[PDB]
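Have a look at the structure below before the remarks.
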Amino acid sequence: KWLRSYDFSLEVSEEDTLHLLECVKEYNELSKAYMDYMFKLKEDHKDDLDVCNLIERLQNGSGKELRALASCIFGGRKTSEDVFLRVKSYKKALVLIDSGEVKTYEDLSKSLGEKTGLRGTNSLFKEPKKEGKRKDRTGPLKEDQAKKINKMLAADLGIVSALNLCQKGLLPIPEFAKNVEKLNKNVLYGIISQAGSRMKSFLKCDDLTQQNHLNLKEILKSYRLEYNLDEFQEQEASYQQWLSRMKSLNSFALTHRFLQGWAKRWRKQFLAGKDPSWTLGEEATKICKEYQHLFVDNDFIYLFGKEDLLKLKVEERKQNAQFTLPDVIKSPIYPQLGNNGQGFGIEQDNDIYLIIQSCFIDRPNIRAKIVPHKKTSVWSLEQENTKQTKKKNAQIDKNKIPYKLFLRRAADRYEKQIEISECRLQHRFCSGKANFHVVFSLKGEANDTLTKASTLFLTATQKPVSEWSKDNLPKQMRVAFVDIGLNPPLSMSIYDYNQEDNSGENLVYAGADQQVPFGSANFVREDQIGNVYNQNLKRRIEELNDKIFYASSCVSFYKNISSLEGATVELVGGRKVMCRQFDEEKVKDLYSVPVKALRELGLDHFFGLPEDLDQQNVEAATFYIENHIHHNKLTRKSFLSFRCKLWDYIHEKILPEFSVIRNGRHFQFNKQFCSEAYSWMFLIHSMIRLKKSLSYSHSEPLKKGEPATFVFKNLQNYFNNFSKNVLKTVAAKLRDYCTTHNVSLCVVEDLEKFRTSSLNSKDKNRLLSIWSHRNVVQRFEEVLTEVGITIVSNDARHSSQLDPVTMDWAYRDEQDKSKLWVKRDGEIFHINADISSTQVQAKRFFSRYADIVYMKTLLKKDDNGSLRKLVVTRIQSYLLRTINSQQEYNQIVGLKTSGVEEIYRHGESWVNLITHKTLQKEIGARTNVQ
RNA sequence: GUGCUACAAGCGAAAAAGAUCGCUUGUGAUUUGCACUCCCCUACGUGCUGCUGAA
DNA sequence: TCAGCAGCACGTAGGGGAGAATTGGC
DNA sequence: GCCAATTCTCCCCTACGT
């Protein structure tokens, strides 16, 4: 049910390593040959209704069928009789039972009779499962047997189709039959299994992509048919003329952003009687004004520009999935040793040795030592491995396939038992020398009833909770609600649910709106397992970060004001350097010159901006720069000095600091989780960006798919590994916290629609690129399913904007993110932010969203100019609970909707966004009074 | 075992490079303590990043 | 404060995978 | 005796917003 991986290096001799390289190359060659032959059969042949059946069985079958057909893909089948009897008997069984004259197992067993293939041990006879149960039978037929006899026959008929292909003279792959003499058959089965898995994945992907292109065609047809663009020939002609006139200019494009902005710009500012021209252009604004006279009262552009977007999107999308064959060094295939593939064994005096069977014939088995891990408390096998006088040497045997390895290191919390039945061989070519690792997976069966039983807390309070979940919840279960903000890495709260007690502070109902008072919940305690550690490290990191951003902005300004294409290499300061020209018909349309960057770098003197300036005024700055160009020569020498000084700054004030703090061994996470790991994660990305600027600058762009000049390996690998380490450490902290406080359920927030718990930066460059919410949730699932604690995700919109107790809209102050200002008795107090988010999520959970404070109502207008303000399952349940709410509703729905807005609740009133922000400002302004 | 976790000089890509990658020699390292589901294949989305143009 | 055109990480969703027991010629 | 070849696939019950 859950498999966790572990990688162990191997130490082998040079002869052994050459043997394994030969084996791996053979695997790759054979796998590529198999997939390529299958592709050739797919393309060249699509007739006879036989090859298509085999491709269908490979596409929609299990590994068991791959093993069944392997005996035909290579060589042949010794016996080809029992399958025909099996398909005949199963066809007759399907014809029977469908008659309905029998309703028992015994009648069917006599109906088949004897010599019906089916060599015992199958579901339709005696259903032995694994025990056999002394030939027990259920009695009457169920539905699942009649359902699955069909897939059983599908498998048998696929094997028959492969038999027919072989008998025709097309199935035995010439390469496989050529190699079969010199290679063991176990290897052939393993290669067939792995290559078939890869090809099945590819075939499903290709099917999905073709269906996607068909769906795109269908949706474009629906769009072009619903809007009747063919009927409006004149409107289409006018729209096409407008598009051509726009495309005449060199600064026009058609995009979803343009269409989204058109509705806000032209449909709104046109009523003011003046042209907005918000970065719209000079000729473009005049053309738009001239053409809009035909459709002043409507919006033809919004409804006409989407067709061209659909056409170009349909053109651009790929048709058939791109096909990659396996390569030993590019697209690796990794042998999966086992009883159905390459043989393997494990033997123990005090070192554990792995014996791998050779690919070829008449070659010895290979012996490796499983080199242990960094600090191994216990490390042992289970079989008796006492030394003797070479009873069997290195023997690979079945009857011992599930090897039992006990291992426990320092970081583990419990002795780990791994039942090896397959082991993966992996090859790495680091430093030009091949090395081998064996990968072992440990398996576990995790109980799967807590998720379903927790689903009863997510019902809408309009229908009774699912009965099968009402009787499976633990009686005295303890829940935890977690928030995963950035600066405080983790913040949780713990609640105690008592089925028996019905008088706790939180009450939960498991029926209609207020019915069946099923239990009650209490609050225990809330914690946060992050701290700032030392403030010096955080201060240094922040200073380096804004220094980096200042330097990057300065280099952007330097590039923008320059020209290039006439760059000169001149020996200045003992270095050849390379600077770009300055005379390029300088224009007065520059952006905000990085005045703060020019302050901090010390480069203002070169450009001669006085102290008298601000951070937004550019016309005065432009005039001052022009006057400096006039009065001062500001020749290429000044630009040369400016560039040299900025390069000197970036190489003597940034890189030494970054190195010295990187090599300082701060993020070792010993006895304390440092909150500065996240700031470091950001700064590594910033460093990558800066070094990219230092690398690709002053270069011609890449052309016609030429290979990339640079790779940026060290820094990228550093960033990735740092992110993985910090995620793992946070997950381990959460797991230990839950397990040390007797928690059975963890509740997380789904925030893809709106993110509030993370940073509130307007720019998206600093979010969803360094820290992934989805990976945090995935790691939590992975590390908690191991111990037996389940996590469930719930909606957390406006989590940190609500009062934990009164459910009022509290104020998130802009100065600090760690204080929420709340009134309860006419006075305002500050409460912890993320802790309060956990509290409100808990309140929403235990009451299964009894009260809502956010709805999206749509404005409805008719030909009479009236308004209706119609609202849009938990929401409908809420209405059904408070206002208790048809034909008039469909009548309003049929009316045209002017637009979509939202309504916010503040007690007994439902307000708009403007007045809601006004009320939040009202509740938050009293902070400065006190 | 990996990863928290590499610094300077040579030379070659190479015509500019203080960036990136590859080699050869230096130099502290040696874990001082934490954690560790790991392989491929798609499609399409983001930003990154140079060159150029626009209000 | 975006536009176009080459490379390029990683997301973000998907798609495969970490097999056991029987049975004739030996 | 015995290893290549060849048949094997269930047992459940669960939500909700984009």
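Identifiers in the structure tokens: chain A, B, ... in order shown; residue index from 1 per chain; ligand index from 1 in order shown.
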
Find the nearest atom pair between each residue of chain A and chain C for residues within 6 Å, count only C-alpha atoms (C1' of nucleotides), give distances in Å to one decimal, sort rows by chain and ascending number, and present the table as JSON lines.
```
{"residue": "A:197", "atom": "CA", "partner": "C:16", "partner_atom": "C1'", "distance": 4.9}
{"residue": "A:198", "atom": "CA", "partner": "C:16", "partner_atom": "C1'", "distance": 5.8}
{"residue": "A:201", "atom": "CA", "partner": "C:15", "partner_atom": "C1'", "distance": 4.9}
{"residue": "A:702", "atom": "CA", "partner": "C:6", "partner_atom": "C1'", "distance": 4.5}
{"residue": "A:703", "atom": "CA", "partner": "C:6", "partner_atom": "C1'", "distance": 4.9}
{"residue": "A:708", "atom": "CA", "partner": "C:7", "partner_atom": "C1'", "distance": 5.3}
```

Exercise. Apply DSSP to the structure's backbone, then extract all residues of region 544-760 of chain A labelled strand (DSSP E) and return them as a PyMOL selection string.
Key: chain A and resi 745-750

Quiz prompt | Distance filter 10 Å, only C-alpha atoms (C1' of nucleotides), chain B against chain A, as a VMD selection string | solution = chain B and resid 1 to 7 13 16 to 21 33 to 44 46 to 51 53 to 55

Using C-alpha atoms (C1' of nucleotides), can you write the selected residues to a file as a PDB file, in the first residue's frame?
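This went into part-v2.pdb:
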```pdb
ATOM      1  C1'   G B   1      25.534   6.425   1.005  1.00  0.00           C
ATOM      2  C1'   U B   2      23.485  11.833  -0.462  1.00  0.00           C
ATOM      3  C1'   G B   3      22.950  16.608   1.257  1.00  0.00           C
ATOM      4  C1'   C B   4      22.869  20.404   4.526  1.00  0.00           C
ATOM      5  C1'   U B   5      28.599  21.578   2.262  1.00  0.00           C
ATOM      6  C1'   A B   6      34.587  24.232  -1.424  1.00  0.00           C
ATOM      7  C1'   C B   7      38.412  28.347  -2.109  1.00  0.00           C
ATOM      8  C1'   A B  13      35.552  26.553 -25.229  1.00  0.00           C
ATOM      9  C1'   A B  16      35.575  40.143 -23.961  1.00  0.00           C
ATOM     10  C1'   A B  17      34.826  38.189 -19.502  1.00  0.00           C
ATOM     11  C1'   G B  18      35.567  38.713 -12.762  1.00  0.00           C
ATOM     12  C1'   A B  19      30.111  34.049 -14.811  1.00  0.00           C
ATOM     13  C1'   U B  20      29.320  28.399 -16.212  1.00  0.00           C
ATOM     14  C1'   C B  21      31.533  23.712 -17.637  1.00  0.00           C
ATOM     15  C1'   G B  33      24.578  16.455  14.121  1.00  0.00           C
ATOM     16  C1'   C B  34      20.155  16.675  11.694  1.00  0.00           C
ATOM     17  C1'   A B  35      17.132  14.550   7.915  1.00  0.00           C
ATOM     18  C1'   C B  36      16.318  11.413   3.734  1.00  0.00           C
ATOM     19  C1'   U B  37      10.235   7.583  -1.720  1.00  0.00           C
ATOM     20  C1'   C B  38      13.141   6.944  -5.961  1.00  0.00           C
ATOM     21  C1'   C B  39      13.177   5.717 -11.097  1.00  0.00           C
ATOM     22  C1'   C B  40      11.837   6.675 -15.950  1.00  0.00           C
ATOM     23  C1'   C B  41       7.826   8.891 -20.011  1.00  0.00           C
ATOM     24  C1'   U B  42       4.471  12.523 -21.588  1.00  0.00           C
ATOM     25  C1'   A B  43       1.629  17.800 -22.084  1.00  0.00           C
ATOM     26  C1'   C B  44       1.830  22.691 -21.032  1.00  0.00           C
ATOM     27  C1'   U B  46       5.332  29.424 -15.510  1.00  0.00           C
ATOM     28  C1'   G B  47       8.965  32.292 -14.567  1.00  0.00           C
ATOM     29  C1'   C B  48      14.558  32.674 -15.907  1.00  0.00           C
ATOM     30  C1'   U B  49      17.530  34.714 -19.322  1.00  0.00           C
ATOM     31  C1'   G B  50      20.311  37.501 -23.461  1.00  0.00           C
ATOM     32  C1'   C B  51      19.270  40.639 -28.065  1.00  0.00           C
ATOM     33  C1'   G B  53      11.444  47.758 -29.801  1.00  0.00           C
ATOM     34  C1'   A B  54       7.849  50.238 -27.767  1.00  0.00           C
ATOM     35  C1'   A B  55       4.203  54.571 -23.880  1.00  0.00           C
TER      36        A B  55
END
```

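Restricting the calculation to only C-alpha atoms (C1' of nucleotides), the smallest distance between chain D and any of A:456, A:171, A:900, A:301 is found for A:456.
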
Quiz item: Mind listing as a ChimeraX atom specification which residues of chain A are within 7 Å of chain D, counting only C-alpha atoms (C1' of nucleotides)?
Solution: /A:122,452,455,458-459,468

With C-alpha atoms retained, could you export that selection as a short mmCIF file (atom, residue, chain, number, x, y, z; two decimals), in the first residue's frame?
```cif
data_model
loop_
_atom_site.label_atom_id
_atom_site.label_comp_id
_atom_site.auth_asym_id
_atom_site.auth_seq_id
_atom_site.Cartn_x
_atom_site.Cartn_y
_atom_site.Cartn_z
CA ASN A 122 -8.47 -19.19 -10.19
CA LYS A 452 -13.52 8.19 4.84
CA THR A 455 -15.20 12.90 5.37
CA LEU A 458 -16.90 17.98 5.28
CA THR A 459 -20.60 17.45 4.53
CA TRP A 468 -20.84 4.01 6.81
#
```

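One finds CA of residue 676 (chain A) at 27.8 Å from CA of residue 594 (chain A).
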
Exercise. Apply DSSP to the structure's backbone, then extract all residues of region 338-503 of chain A labelled helix (DSSP H, G or I) and return them as a PyMOL selection string.
Key: chain A and resi 430-432+450-458+467-470

Mind writing the picked residues with N, CA and C atoms as a PDB file, in the first residue's frame?
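Wrote it out as selection32.pdb, contents follow:
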```pdb
ATOM      1  N   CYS A 430      29.388   9.470 -12.631  1.00  0.00           N
ATOM      2  CA  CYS A 430      30.035  10.640 -12.053  1.00  0.00           C
ATOM      3  C   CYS A 430      31.546  10.547 -12.223  1.00  0.00           C
ATOM      4  N   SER A 431      32.160  11.658 -12.634  1.00  0.00           N
ATOM      5  CA  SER A 431      33.603  11.772 -12.834  1.00  0.00           C
ATOM      6  C   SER A 431      34.133  10.784 -13.870  1.00  0.00           C
ATOM      7  N   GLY A 432      33.271  10.297 -14.760  1.00  0.00           N
ATOM      8  CA  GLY A 432      33.686   9.398 -15.816  1.00  0.00           C
ATOM      9  C   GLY A 432      33.880   7.956 -15.403  1.00  0.00           C
ATOM     10  N   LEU A 450      -9.679   6.037   8.150  1.00  0.00           N
ATOM     11  CA  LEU A 450      -9.720   7.341   8.801  1.00  0.00           C
ATOM     12  C   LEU A 450     -10.052   8.451   7.820  1.00  0.00           C
ATOM     13  N   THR A 451      -9.619   8.328   6.564  1.00  0.00           N
ATOM     14  CA  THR A 451      -9.972   9.334   5.567  1.00  0.00           C
ATOM     15  C   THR A 451     -11.479   9.382   5.349  1.00  0.00           C
ATOM     16  N   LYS A 452     -12.083   8.225   5.076  1.00  0.00           N
ATOM     17  CA  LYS A 452     -13.521   8.185   4.844  1.00  0.00           C
ATOM     18  C   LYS A 452     -14.288   8.633   6.078  1.00  0.00           C
ATOM     19  N   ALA A 453     -13.863   8.186   7.256  1.00  0.00           N
ATOM     20  CA  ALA A 453     -14.556   8.563   8.479  1.00  0.00           C
ATOM     21  C   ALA A 453     -14.421  10.050   8.759  1.00  0.00           C
ATOM     22  N   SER A 454     -13.317  10.662   8.332  1.00  0.00           N
ATOM     23  CA  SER A 454     -13.157  12.100   8.476  1.00  0.00           C
ATOM     24  C   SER A 454     -13.953  12.869   7.436  1.00  0.00           C
ATOM     25  N   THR A 455     -14.354  12.215   6.344  1.00  0.00           N
ATOM     26  CA  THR A 455     -15.201  12.898   5.370  1.00  0.00           C
ATOM     27  C   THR A 455     -16.517  13.385   5.959  1.00  0.00           C
ATOM     28  N   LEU A 456     -16.977  12.815   7.077  1.00  0.00           N
ATOM     29  CA  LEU A 456     -18.267  13.242   7.613  1.00  0.00           C
ATOM     30  C   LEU A 456     -18.224  14.670   8.140  1.00  0.00           C
ATOM     31  N   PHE A 457     -17.039  15.211   8.375  1.00  0.00           N
ATOM     32  CA  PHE A 457     -16.887  16.581   8.830  1.00  0.00           C
ATOM     33  C   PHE A 457     -16.833  17.573   7.680  1.00  0.00           C
ATOM     34  N   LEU A 458     -16.924  17.105   6.440  1.00  0.00           N
ATOM     35  CA  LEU A 458     -16.895  17.978   5.278  1.00  0.00           C
ATOM     36  C   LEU A 458     -18.228  18.002   4.539  1.00  0.00           C
ATOM     37  N   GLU A 467     -23.699   7.114   6.412  1.00  0.00           N
ATOM     38  CA  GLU A 467     -23.839   6.237   7.567  1.00  0.00           C
ATOM     39  C   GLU A 467     -22.582   5.405   7.776  1.00  0.00           C
ATOM     40  N   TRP A 468     -22.018   4.866   6.695  1.00  0.00           N
ATOM     41  CA  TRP A 468     -20.841   4.015   6.813  1.00  0.00           C
ATOM     42  C   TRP A 468     -19.662   4.749   7.429  1.00  0.00           C
ATOM     43  N   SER A 469     -19.655   6.078   7.373  1.00  0.00           N
ATOM     44  CA  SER A 469     -18.631   6.859   8.046  1.00  0.00           C
ATOM     45  C   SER A 469     -19.025   7.245   9.460  1.00  0.00           C
ATOM     46  N   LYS A 470     -20.318   7.220   9.776  1.00  0.00           N
ATOM     47  CA  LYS A 470     -20.760   7.603  11.110  1.00  0.00           C
ATOM     48  C   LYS A 470     -20.369   6.558  12.146  1.00  0.00           C
TER      49      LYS A 470
END
```

Exercise. Skip residue 16 (chain A) itself and residues of its chain fewer than 4 positions away, then list as a ChimeraX atom specification all residues within 7 Å of it, counting only C-alpha atoms (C1' of nucleotides).
Key: /A:12,20,366

Keeping only N, CA, C and O atoms, write the selected residues to a file as a PDB file, in the first residue's frame.
```pdb
ATOM      1  N   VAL A  12      32.410  -3.088  -6.130  1.00  0.00           N
ATOM      2  CA  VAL A  12      32.731  -4.235  -6.964  1.00  0.00           C
ATOM      3  C   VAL A  12      34.113  -4.022  -7.564  1.00  0.00           C
ATOM      4  O   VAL A  12      34.635  -2.906  -7.606  1.00  0.00           O
ATOM      5  N   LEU A  20      28.955  -5.778 -15.313  1.00  0.00           N
ATOM      6  CA  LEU A  20      27.681  -5.104 -15.105  1.00  0.00           C
ATOM      7  C   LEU A  20      27.409  -4.056 -16.179  1.00  0.00           C
ATOM      8  O   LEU A  20      26.253  -3.855 -16.562  1.00  0.00           O
ATOM      9  N   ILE A 366      27.933 -12.357  -9.959  1.00  0.00           N
ATOM     10  CA  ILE A 366      28.709 -11.201  -9.537  1.00  0.00           C
ATOM     11  C   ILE A 366      28.419 -10.949  -8.064  1.00  0.00           C
ATOM     12  O   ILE A 366      27.286 -11.130  -7.605  1.00  0.00           O
TER      13      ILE A 366
END
```

Self-check item: Surrounding residues of region 126-137 of chain A excluding itself and chain neighbours under 6 positions, 9 Å, only C-alpha atoms (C1' of nucleotides), as a PyMOL selection string
Solution: chain A and resi 105-106+120

Please, could you write that set of residues out with N, CA and C atoms as a compact mmCIF listing (two decimals), in the first residue's frame?
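Wrote part_7.txt, looks like this:
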```
# COMPACT_ATOMS: atom_id res chain seq x y z
N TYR A 105 -23.04 -21.51 -7.42
CA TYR A 105 -21.71 -21.91 -7.87
C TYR A 105 -21.68 -23.36 -8.33
N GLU A 106 -22.36 -24.25 -7.60
CA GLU A 106 -22.27 -25.67 -7.89
C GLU A 106 -22.77 -25.98 -9.29
N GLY A 120 -6.85 -25.09 -11.82
CA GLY A 120 -7.02 -24.74 -10.43
C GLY A 120 -6.48 -23.36 -10.12
```
